[PDB]
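Asker: So here's query-v4.tsv (TSV, N, CA and C atoms).
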chain	number	residue	atom	x	y	z
A	155	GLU	N	0.84	-1.23	0.00
A	155	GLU	CA	0.00	0.00	0.00
A	155	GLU	C	0.85	1.26	0.00
A	156	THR	N	0.39	2.27	-0.72
A	156	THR	CA	1.08	3.54	-0.81
A	156	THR	C	0.43	4.53	0.16
A	157	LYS	N	1.26	5.11	1.03
A	157	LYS	CA	0.80	6.07	2.03
A	157	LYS	C	0.93	7.51	1.54
A	158	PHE	N	-0.07	8.32	1.89
A	158	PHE	CA	-0.09	9.73	1.53
A	158	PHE	C	-0.23	10.55	2.80
A	159	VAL	N	0.46	11.68	2.84
A	159	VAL	CA	0.40	12.58	3.99
A	159	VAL	C	0.07	13.98	3.51
A	160	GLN	N	-0.86	14.62	4.21
A	160	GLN	CA	-1.29	15.97	3.90
A	160	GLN	C	-0.50	16.95	4.76
A	161	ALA	N	-0.02	18.02	4.13
A	161	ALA	CA	0.76	19.03	4.83
A	161	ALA	C	-0.10	19.93	5.70
A	162	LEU	N	0.27	20.03	6.97
A	162	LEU	CA	-0.44	20.86	7.94
A	162	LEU	C	0.03	22.31	7.84
A	163	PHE	N	1.30	22.49	7.48
A	163	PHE	CA	1.88	23.83	7.34
A	163	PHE	C	2.83	23.91	6.15
A	164	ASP	N	3.24	25.13	5.81
A	164	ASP	CA	4.19	25.34	4.72
A	164	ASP	C	5.54	24.97	5.29
A	165	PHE	N	6.38	24.36	4.47
A	165	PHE	CA	7.72	24.02	4.91
A	165	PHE	C	8.70	24.65	3.93
A	166	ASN	N	9.37	25.69	4.39
A	166	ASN	CA	10.35	26.39	3.58
A	166	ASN	C	11.72	25.83	3.93
A	167	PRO	N	12.33	25.06	3.02
A	167	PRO	CA	13.64	24.41	3.16
A	167	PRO	C	14.79	25.38	3.40
A	168	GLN	N	15.70	24.98	4.29
A	168	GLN	CA	16.86	25.80	4.62
A	168	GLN	C	18.14	25.11	4.18
A	169	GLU	N	18.01	23.85	3.78
A	169	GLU	CA	19.14	23.04	3.32
A	169	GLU	C	18.73	22.29	2.06
A	170	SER	N	19.70	21.93	1.23
A	170	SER	CA	19.43	21.21	-0.01
A	170	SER	C	19.05	19.75	0.26
A	171	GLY	N	18.13	19.22	-0.54
A	171	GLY	CA	17.69	17.85	-0.36
A	171	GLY	C	16.40	17.76	0.43
A	172	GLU	N	15.89	18.92	0.83
A	172	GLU	CA	14.66	19.01	1.60
A	172	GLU	C	13.48	19.35	0.70
A	173	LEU	N	12.39	18.59	0.86
A	173	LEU	CA	11.19	18.76	0.07
A	173	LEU	C	10.32	19.93	0.51
A	174	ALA	N	10.22	20.93	-0.36
A	174	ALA	CA	9.42	22.11	-0.09
A	174	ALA	C	7.95	21.84	-0.37
A	175	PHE	N	7.08	22.38	0.47
A	175	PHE	CA	5.65	22.20	0.28
A	175	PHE	C	4.83	23.28	0.95
A	176	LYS	N	3.57	23.35	0.54
A	176	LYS	CA	2.63	24.32	1.08
A	176	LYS	C	1.52	23.55	1.79
A	177	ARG	N	0.85	24.24	2.71
A	177	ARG	CA	-0.24	23.68	3.49
A	177	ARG	C	-1.34	23.16	2.55
A	178	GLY	N	-1.70	21.89	2.70
A	178	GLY	CA	-2.73	21.31	1.86
A	178	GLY	C	-2.20	20.36	0.82
A	179	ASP	N	-0.89	20.42	0.56
A	179	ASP	CA	-0.27	19.54	-0.42
A	179	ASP	C	-0.25	18.09	0.09
A	180	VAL	N	-0.30	17.15	-0.83
A	180	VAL	CA	-0.28	15.74	-0.48
A	180	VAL	C	0.99	15.08	-1.00
A	181	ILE	N	1.80	14.62	-0.06
A	181	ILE	CA	3.07	13.97	-0.36
A	181	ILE	C	2.91	12.46	-0.34
A	182	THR	N	3.62	11.79	-1.24
A	182	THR	CA	3.61	10.34	-1.33
A	182	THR	C	4.80	9.82	-0.53
A	183	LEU	N	4.53	9.07	0.53
A	183	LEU	CA	5.58	8.52	1.38
A	183	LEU	C	6.45	7.49	0.69
A	184	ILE	N	7.76	7.64	0.88
A	184	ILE	CA	8.76	6.74	0.33
A	184	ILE	C	9.50	6.09	1.50
A	185	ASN	N	9.84	6.90	2.50
A	185	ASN	CA	10.54	6.41	3.68
A	185	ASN	C	10.25	7.21	4.94
A	186	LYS	N	10.10	6.51	6.05
A	186	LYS	CA	9.82	7.14	7.33
A	186	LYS	C	10.43	6.40	8.52
A	187	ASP	N	11.64	5.90	8.33
A	187	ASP	CA	12.37	5.17	9.37
A	187	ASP	C	12.80	6.14	10.47
A	188	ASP	N	13.15	7.36	10.05
A	188	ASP	CA	13.57	8.41	10.96
A	188	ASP	C	12.33	9.08	11.54
A	189	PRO	N	12.25	9.17	12.88
A	189	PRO	CA	11.13	9.78	13.61
A	189	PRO	C	10.87	11.25	13.26
A	190	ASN	N	11.91	11.95	12.82
A	190	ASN	CA	11.79	13.37	12.49
A	190	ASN	C	11.85	13.72	11.01
A	191	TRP	N	12.73	13.05	10.28
A	191	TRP	CA	12.89	13.34	8.85
A	191	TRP	C	12.39	12.23	7.93
A	192	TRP	N	11.30	12.52	7.24
A	192	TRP	CA	10.70	11.57	6.31
A	192	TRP	C	10.98	11.97	4.87
A	193	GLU	N	10.98	10.98	3.97
A	193	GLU	CA	11.22	11.24	2.56
A	193	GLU	C	9.94	10.99	1.76
A	194	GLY	N	9.68	11.86	0.79
A	194	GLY	CA	8.49	11.73	-0.03
A	194	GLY	C	8.62	12.29	-1.43
A	195	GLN	N	7.55	12.13	-2.20
A	195	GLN	CA	7.49	12.60	-3.58
A	195	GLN	C	6.31	13.56	-3.75
A	196	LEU	N	6.63	14.82	-4.03
A	196	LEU	CA	5.61	15.84	-4.24
A	196	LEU	C	5.82	16.29	-5.68
A	197	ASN	N	4.94	15.82	-6.56
A	197	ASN	CA	5.00	16.10	-7.99
A	197	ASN	C	6.32	15.57	-8.54
A	198	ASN	N	7.06	16.38	-9.29
A	198	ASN	CA	8.33	15.94	-9.85
A	198	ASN	C	9.51	16.18	-8.90
A	199	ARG	N	9.18	16.49	-7.64
A	199	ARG	CA	10.19	16.74	-6.61
A	199	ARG	C	10.22	15.66	-5.53
A	200	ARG	N	11.43	15.33	-5.07
A	200	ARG	CA	11.63	14.31	-4.04
A	200	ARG	C	12.66	14.78	-3.02
A	201	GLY	N	12.38	14.55	-1.74
A	201	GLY	CA	13.29	14.94	-0.68
A	201	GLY	C	12.75	14.65	0.70
A	202	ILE	N	13.46	15.12	1.73
A	202	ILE	CA	13.05	14.91	3.11
A	202	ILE	C	12.32	16.11	3.72
A	203	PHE	N	11.47	15.84	4.70
A	203	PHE	CA	10.68	16.88	5.36
A	203	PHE	C	10.39	16.52	6.82
A	204	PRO	N	10.02	17.53	7.64
A	204	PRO	CA	9.70	17.35	9.06
A	204	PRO	C	8.44	16.51	9.22
A	205	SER	N	8.58	15.36	9.89
A	205	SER	CA	7.45	14.45	10.11
A	205	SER	C	6.25	15.11	10.79
A	206	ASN	N	6.51	16.07	11.68
A	206	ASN	CA	5.45	16.77	12.41
A	206	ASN	C	4.67	17.82	11.60
A	207	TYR	N	5.10	18.07	10.36
A	207	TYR	CA	4.41	19.03	9.50
A	207	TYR	C	3.30	18.39	8.67
A	208	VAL	N	3.10	17.09	8.86
A	208	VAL	CA	2.08	16.35	8.12
A	208	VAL	C	1.31	15.37	9.00
A	209	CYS	N	0.32	14.73	8.37
A	209	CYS	CA	-0.51	13.70	9.00
A	209	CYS	C	-1.11	12.87	7.85
A	210	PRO	N	-1.62	11.66	8.14
A	210	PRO	CA	-2.19	10.79	7.11
A	210	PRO	C	-3.32	11.37	6.25
A	211	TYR	N	-3.37	10.89	5.00
A	211	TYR	CA	-4.37	11.31	4.01
A	211	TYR	C	-5.11	10.06	3.50
A	212	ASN	N	-6.14	10.26	2.68
A	212	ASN	CA	-6.95	9.16	2.12
A	212	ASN	C	-6.14	8.01	1.51
B	256	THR	N	-5.74	11.33	26.49
B	256	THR	CA	-5.68	10.30	25.42
B	256	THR	C	-6.20	10.84	24.10
B	257	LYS	N	-5.48	10.53	23.02
B	257	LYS	CA	-5.83	10.92	21.66
B	257	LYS	C	-6.35	12.33	21.43
B	258	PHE	N	-5.54	13.12	20.73
B	258	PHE	CA	-5.89	14.49	20.38
B	258	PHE	C	-5.96	14.56	18.87
B	259	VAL	N	-6.84	15.42	18.36
B	259	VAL	CA	-6.99	15.59	16.92
B	259	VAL	C	-6.87	17.07	16.59
B	260	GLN	N	-6.46	17.38	15.37
B	260	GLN	CA	-6.29	18.76	14.94
B	260	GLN	C	-7.14	19.08	13.72
B	261	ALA	N	-7.73	20.27	13.72
B	261	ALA	CA	-8.59	20.71	12.64
B	261	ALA	C	-7.84	21.04	11.36
B	262	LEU	N	-8.32	20.48	10.25
B	262	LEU	CA	-7.72	20.71	8.94
B	262	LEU	C	-8.38	21.91	8.28
B	263	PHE	N	-9.67	22.10	8.56
B	263	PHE	CA	-10.42	23.21	7.98
B	263	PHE	C	-11.32	23.85	9.03
B	264	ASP	N	-11.80	25.05	8.72
B	264	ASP	CA	-12.72	25.77	9.59
B	264	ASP	C	-14.05	25.03	9.55
B	265	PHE	N	-14.72	24.94	10.70
B	265	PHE	CA	-16.01	24.28	10.75
B	265	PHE	C	-17.04	25.11	11.50
B	266	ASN	N	-18.00	25.64	10.75
B	266	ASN	CA	-19.07	26.43	11.32
B	266	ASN	C	-20.34	25.58	11.32
B	267	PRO	N	-20.72	25.05	12.50
B	267	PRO	CA	-21.89	24.21	12.71
B	267	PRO	C	-23.20	24.83	12.24
B	268	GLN	N	-24.00	24.01	11.56
B	268	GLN	CA	-25.29	24.45	11.04
B	268	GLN	C	-26.42	23.79	11.83
B	269	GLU	N	-26.04	22.96	12.80
B	269	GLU	CA	-27.00	22.24	13.62
B	269	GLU	C	-26.62	22.31	15.10
B	270	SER	N	-27.47	21.71	15.94
B	270	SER	CA	-27.25	21.69	17.39
B	270	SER	C	-26.29	20.59	17.83
B	271	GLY	N	-25.53	20.87	18.89
B	271	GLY	CA	-24.58	19.91	19.42
B	271	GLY	C	-23.29	19.80	18.62
B	272	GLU	N	-23.20	20.56	17.53
B	272	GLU	CA	-22.00	20.53	16.69
B	272	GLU	C	-20.95	21.53	17.16
B	273	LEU	N	-19.75	21.01	17.41
B	273	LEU	CA	-18.61	21.78	17.90
B	273	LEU	C	-17.94	22.61	16.80
B	274	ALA	N	-18.00	23.93	16.94
B	274	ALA	CA	-17.39	24.84	15.97
B	274	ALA	C	-15.89	24.91	16.20
B	275	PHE	N	-15.13	25.12	15.13
B	275	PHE	CA	-13.69	25.23	15.25
B	275	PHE	C	-12.97	25.85	14.05
B	276	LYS	N	-11.74	26.28	14.29
B	276	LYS	CA	-10.91	26.88	13.25
B	276	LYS	C	-9.79	25.92	12.94
B	277	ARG	N	-9.22	26.05	11.74
B	277	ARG	CA	-8.11	25.21	11.33
B	277	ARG	C	-6.97	25.41	12.34
B	278	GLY	N	-6.29	24.33	12.70
B	278	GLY	CA	-5.20	24.44	13.65
B	278	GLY	C	-5.62	24.13	15.07
B	279	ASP	N	-6.93	24.18	15.34
B	279	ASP	CA	-7.43	23.88	16.68
B	279	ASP	C	-7.14	22.44	17.07
B	280	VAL	N	-6.81	22.24	18.34
B	280	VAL	CA	-6.54	20.92	18.87
B	280	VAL	C	-7.73	20.53	19.73
B	281	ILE	N	-8.26	19.34	19.46
B	281	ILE	CA	-9.43	18.82	20.14
B	281	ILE	C	-9.14	17.48	20.82
B	282	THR	N	-9.63	17.33	22.05
B	282	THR	CA	-9.45	16.08	22.79
B	282	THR	C	-10.61	15.17	22.43
B	283	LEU	N	-10.29	13.96	21.99
B	283	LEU	CA	-11.30	12.98	21.60
B	283	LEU	C	-11.98	12.36	22.82
B	284	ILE	N	-13.31	12.33	22.78
B	284	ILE	CA	-14.11	11.75	23.86
B	284	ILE	C	-14.76	10.45	23.37
B	285	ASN	N	-15.37	10.53	22.19
B	285	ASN	CA	-16.06	9.39	21.62
B	285	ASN	C	-16.03	9.38	20.09
B	286	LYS	N	-15.86	8.19	19.52
B	286	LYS	CA	-15.86	8.02	18.08
B	286	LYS	C	-16.60	6.76	17.66
B	287	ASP	N	-17.77	6.54	18.26
B	287	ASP	CA	-18.60	5.39	17.95
B	287	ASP	C	-19.10	5.53	16.51
B	288	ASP	N	-19.54	6.73	16.17
B	288	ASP	CA	-20.00	7.03	14.83
B	288	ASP	C	-18.73	7.30	14.00
B	289	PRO	N	-18.59	6.64	12.84
B	289	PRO	CA	-17.42	6.82	11.97
B	289	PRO	C	-17.28	8.22	11.38
B	290	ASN	N	-18.39	8.94	11.30
B	290	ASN	CA	-18.39	10.29	10.73
B	290	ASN	C	-18.52	11.42	11.73
B	291	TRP	N	-19.31	11.22	12.78
B	291	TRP	CA	-19.51	12.25	13.79
B	291	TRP	C	-18.85	11.91	15.11
B	292	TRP	N	-17.70	12.52	15.34
B	292	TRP	CA	-16.92	12.31	16.55
B	292	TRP	C	-17.19	13.37	17.60
B	293	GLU	N	-17.10	12.98	18.86
B	293	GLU	CA	-17.31	13.90	19.97
B	293	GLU	C	-15.98	14.21	20.63
B	294	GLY	N	-15.77	15.48	20.97
B	294	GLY	CA	-14.53	15.88	21.60
B	294	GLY	C	-14.65	17.15	22.41
B	295	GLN	N	-13.52	17.56	22.98
B	295	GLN	CA	-13.46	18.75	23.81
B	295	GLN	C	-12.51	19.77	23.19
B	296	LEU	N	-12.98	21.00	23.05
B	296	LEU	CA	-12.20	22.11	22.52
B	296	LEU	C	-12.33	23.21	23.57
B	297	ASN	N	-11.36	23.26	24.47
B	297	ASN	CA	-11.35	24.21	25.59
B	297	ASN	C	-12.62	23.96	26.41
B	298	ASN	N	-13.44	24.99	26.62
B	298	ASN	CA	-14.67	24.85	27.41
B	298	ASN	C	-15.94	24.50	26.63
B	299	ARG	N	-15.79	24.01	25.40
B	299	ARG	CA	-16.93	23.63	24.58
B	299	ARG	C	-16.86	22.14	24.24
B	300	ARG	N	-17.99	21.46	24.34
B	300	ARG	CA	-18.06	20.03	24.03
B	300	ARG	C	-19.14	19.79	22.97
B	301	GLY	N	-18.88	18.85	22.06
B	301	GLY	CA	-19.84	18.56	21.02
B	301	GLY	C	-19.31	17.65	19.93
B	302	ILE	N	-20.13	17.38	18.92
B	302	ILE	CA	-19.71	16.51	17.82
B	302	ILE	C	-19.19	17.29	16.61
B	303	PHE	N	-18.26	16.66	15.89
B	303	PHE	CA	-17.65	17.28	14.71
B	303	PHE	C	-17.36	16.21	13.65
B	304	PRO	N	-17.37	16.61	12.37
B	304	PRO	CA	-17.10	15.70	11.25
B	304	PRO	C	-15.68	15.16	11.29
B	305	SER	N	-15.55	13.83	11.26
B	305	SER	CA	-14.26	13.15	11.31
B	305	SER	C	-13.35	13.43	10.12
B	306	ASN	N	-13.93	13.88	9.01
B	306	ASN	CA	-13.15	14.19	7.82
B	306	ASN	C	-12.55	15.61	7.85
B	307	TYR	N	-12.79	16.32	8.95
B	307	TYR	CA	-12.27	17.67	9.13
B	307	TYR	C	-11.07	17.71	10.08
B	308	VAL	N	-10.61	16.53	10.51
B	308	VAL	CA	-9.48	16.43	11.44
B	308	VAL	C	-8.56	15.25	11.13
B	309	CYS	N	-7.41	15.26	11.80
B	309	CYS	CA	-6.41	14.20	11.72
B	309	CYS	C	-5.69	14.25	13.08
B	310	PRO	N	-5.00	13.17	13.47
B	310	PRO	CA	-4.29	13.08	14.75
B	310	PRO	C	-3.27	14.17	15.10
B	311	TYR	N	-3.29	14.56	16.37
B	311	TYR	CA	-2.37	15.55	16.92
B	311	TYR	C	-1.54	14.80	17.97
B	312	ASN	N	-0.32	14.43	17.60
B	312	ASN	CA	0.56	13.67	18.47
B	312	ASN	C	0.89	14.26	19.85
B	313	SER	N	1.04	15.58	19.92
B	313	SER	CA	1.33	16.25	21.19
B	313	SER	C	2.63	15.79	21.84
B	314	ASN	N	3.74	16.40	21.42
B	314	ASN	CA	5.07	16.09	21.94
B	314	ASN	C	5.44	14.62	21.77
C	12	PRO	N	-12.41	22.35	1.95
C	12	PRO	CA	-13.39	21.74	2.86
C	12	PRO	C	-14.30	20.74	2.14
C	13	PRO	N	-14.23	19.46	2.53
C	13	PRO	CA	-15.05	18.40	1.93
C	13	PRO	C	-16.48	18.50	2.46
C	14	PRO	N	-17.45	17.87	1.77
C	14	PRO	CA	-18.81	17.96	2.28
C	14	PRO	C	-18.93	17.23	3.61
C	15	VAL	N	-19.74	17.78	4.51
C	15	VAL	CA	-19.96	17.21	5.82
C	15	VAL	C	-20.98	16.07	5.72
C	16	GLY	N	-20.71	14.94	6.37
C	16	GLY	CA	-21.64	13.83	6.34
C	16	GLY	C	-22.96	14.20	6.99
C	17	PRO	N	-24.06	13.52	6.63
C	17	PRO	CA	-25.38	13.80	7.19
C	17	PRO	C	-25.47	13.44	8.67
C	18	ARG	N	-26.28	14.18	9.41
C	18	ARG	CA	-26.48	13.89	10.83
C	18	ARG	C	-27.34	12.64	10.94
C	19	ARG	N	-27.42	12.07	12.14
C	19	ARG	CA	-28.22	10.87	12.36
C	19	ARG	C	-29.70	11.18	12.14
D	2	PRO	N	3.74	27.05	12.98
D	2	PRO	CA	4.08	25.64	12.79
D	2	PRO	C	4.77	25.04	14.01
D	3	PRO	N	4.89	23.70	14.06
D	3	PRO	CA	5.55	23.03	15.17
D	3	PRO	C	7.06	23.16	14.96
D	4	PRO	N	7.86	22.95	16.01
D	4	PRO	CA	9.31	23.05	15.90
D	4	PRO	C	9.94	22.00	14.98
D	5	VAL	N	10.73	22.46	14.02
D	5	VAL	CA	11.43	21.58	13.09
D	5	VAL	C	12.57	20.96	13.89
D	6	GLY	N	12.64	19.63	13.93
D	6	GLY	CA	13.71	18.99	14.69
D	6	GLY	C	15.08	19.28	14.11
D	7	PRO	N	16.16	19.03	14.87
D	7	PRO	CA	17.52	19.28	14.40
D	7	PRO	C	17.86	18.47	13.15
D	8	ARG	N	18.32	19.15	12.11
D	8	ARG	CA	18.68	18.50	10.86
D	8	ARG	C	19.83	17.50	11.03
Would it be possible to restate this file's structure as structure tokens?
Answerer:
Amino acid sequence: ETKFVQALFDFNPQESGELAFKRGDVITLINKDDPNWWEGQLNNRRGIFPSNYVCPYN
Amino acid sequence: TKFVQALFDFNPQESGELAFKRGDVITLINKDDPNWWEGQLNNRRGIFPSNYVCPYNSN
Amino acid sequence: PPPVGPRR
Amino acid sequence: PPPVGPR
């Protein structure tokens, strides 16, 4: 099964390799082994983001 | 036990419905009904649509 | 905002 | 937003 997470807030990246997103965007989960930094796919972009900035989606 | 956070603003059109703004944190009381959940938002208690919230981990 | 489910 | 953990 493919997991999706909806962004609760905007995440403005401060380092390279971090997935930028806006509130309401839906990211496709790729990896979440790390309690704080998760990896996902938002459109043609892929990178890591703060786990606490999202929650599960449909 | 179990907190939920509002994804969208909810202005109740009926009685017993708990009004809220996006970002609000609500304490879950009951979720027998899959769609209408009951919770606590500060000093107000009532039911709210389950599709308007998602889990709030709280630290 | 998605549509709200019907009341009981 | 909530606190972004240490990178």
Asker: Just give me the gap between atom CA of residue B:268 and atom CA of residue A:160 in Å, one decimal is fine.
Answerer: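 Here the two named atoms are 26.4 Å from each other.
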Asker: Select residues of chain D: the criterion is any atom within 12 Å of an atom of chain B, counting only C-alpha atoms; output as a JSON list (two decimals) with N, CA and C atoms, keeping the file's coordinate frame.
Answerer:
[["chain", "number", "residue", "atom", "x", "y", "z"],
["D", 2, "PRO", "N", 3.74, 27.05, 12.98],
["D", 2, "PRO", "CA", 4.08, 25.64, 12.79],
["D", 2, "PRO", "C", 4.77, 25.04, 14.01],
["D", 3, "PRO", "N", 4.89, 23.70, 14.06],
["D", 3, "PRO", "CA", 5.55, 23.03, 15.17],
["D", 3, "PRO", "C", 7.06, 23.16, 14.96],
["D", 4, "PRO", "N", 7.86, 22.95, 16.01],
["D", 4, "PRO", "CA", 9.31, 23.05, 15.90],
["D", 4, "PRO", "C", 9.94, 22.00, 14.98],
["D", 6, "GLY", "N", 12.64, 19.63, 13.93],
["D", 6, "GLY", "CA", 13.71, 18.99, 14.69],
["D", 6, "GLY", "C", 15.08, 19.28, 14.11]]
Asker: Using all atoms listed in the file, which residues sit within 5 Å of stretch 204-211 of chain A once same-chain residues fewer than 5 positions away are excluded, as a PyMOL selection string?
Answerer: chain A and resi 158-163+190-192
Asker: Using only C-alpha atoms, which residues of chain B come within 8 Å of chain C, and what is the closest atom pair for each, with the distance in Å to one decimal? Give it as JSON lines, sorted by chain and residue number.
Answerer:
{"residue": "B:263", "atom": "CA", "partner": "C:12", "partner_atom": "CA", "distance": 6.1}
{"residue": "B:264", "atom": "CA", "partner": "C:12", "partner_atom": "CA", "distance": 7.9}
{"residue": "B:290", "atom": "CA", "partner": "C:16", "partner_atom": "CA", "distance": 6.5}
{"residue": "B:291", "atom": "CA", "partner": "C:18", "partner_atom": "CA", "distance": 7.7}
{"residue": "B:304", "atom": "CA", "partner": "C:15", "partner_atom": "CA", "distance": 6.3}
{"residue": "B:306", "atom": "CA", "partner": "C:13", "partner_atom": "CA", "distance": 7.5}
{"residue": "B:307", "atom": "CA", "partner": "C:12", "partner_atom": "CA", "distance": 7.6}
Asker: Could you please tell me, as a list in words, which residues of chain B have an atom within 12 Å of chain A when using only C-alpha atoms?
Answerer: residues 259, 260, 261, 262, 263, 277, 278, 279, 306, 307, 308, 309, 310, 311, 312, 313 and 314 of chain B
Asker: Those same residues - N, CA and C atoms - I'd like them written as a compact mmCIF listing (two decimals), in the frame of the given file.
Answerer:
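Generated file (selection22.txt):
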# COMPACT_ATOMS: atom_id res chain seq x y z
N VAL B 259 -6.84 15.42 18.36
CA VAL B 259 -6.99 15.59 16.92
C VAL B 259 -6.87 17.07 16.59
N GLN B 260 -6.46 17.38 15.37
CA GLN B 260 -6.29 18.76 14.94
C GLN B 260 -7.14 19.08 13.72
N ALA B 261 -7.73 20.27 13.72
CA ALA B 261 -8.59 20.71 12.64
C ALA B 261 -7.84 21.04 11.36
N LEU B 262 -8.32 20.48 10.25
CA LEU B 262 -7.72 20.71 8.94
C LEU B 262 -8.38 21.91 8.28
N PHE B 263 -9.67 22.10 8.56
CA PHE B 263 -10.42 23.21 7.98
C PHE B 263 -11.32 23.85 9.03
N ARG B 277 -9.22 26.05 11.74
CA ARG B 277 -8.11 25.21 11.33
C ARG B 277 -6.97 25.41 12.34
N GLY B 278 -6.29 24.33 12.70
CA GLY B 278 -5.20 24.44 13.65
C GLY B 278 -5.62 24.13 15.07
N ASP B 279 -6.93 24.18 15.34
CA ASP B 279 -7.43 23.88 16.68
C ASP B 279 -7.14 22.44 17.07
N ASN B 306 -13.93 13.88 9.01
CA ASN B 306 -13.15 14.19 7.82
C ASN B 306 -12.55 15.61 7.85
N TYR B 307 -12.79 16.32 8.95
CA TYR B 307 -12.27 17.67 9.13
C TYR B 307 -11.07 17.71 10.08
N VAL B 308 -10.61 16.53 10.51
CA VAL B 308 -9.48 16.43 11.44
C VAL B 308 -8.56 15.25 11.13
N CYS B 309 -7.41 15.26 11.80
CA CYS B 309 -6.41 14.20 11.72
C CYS B 309 -5.69 14.25 13.08
N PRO B 310 -5.00 13.17 13.47
CA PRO B 310 -4.29 13.08 14.75
C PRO B 310 -3.27 14.17 15.10
N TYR B 311 -3.29 14.56 16.37
CA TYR B 311 -2.37 15.55 16.92
C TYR B 311 -1.54 14.80 17.97
N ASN B 312 -0.32 14.43 17.60
CA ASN B 312 0.56 13.67 18.47
C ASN B 312 0.89 14.26 19.85
N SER B 313 1.04 15.58 19.92
CA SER B 313 1.33 16.25 21.19
C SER B 313 2.63 15.79 21.84
N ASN B 314 3.74 16.40 21.42
CA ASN B 314 5.07 16.09 21.94
C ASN B 314 5.44 14.62 21.77
Asker: Between atom CA of residue A:201 and atom N of residue A:171, what distance in Å does the model show, to one decimal?
Answerer: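 According to the coordinates, atom CA of residue A:201 and atom N of residue A:171 are separated by 6.5 Å.
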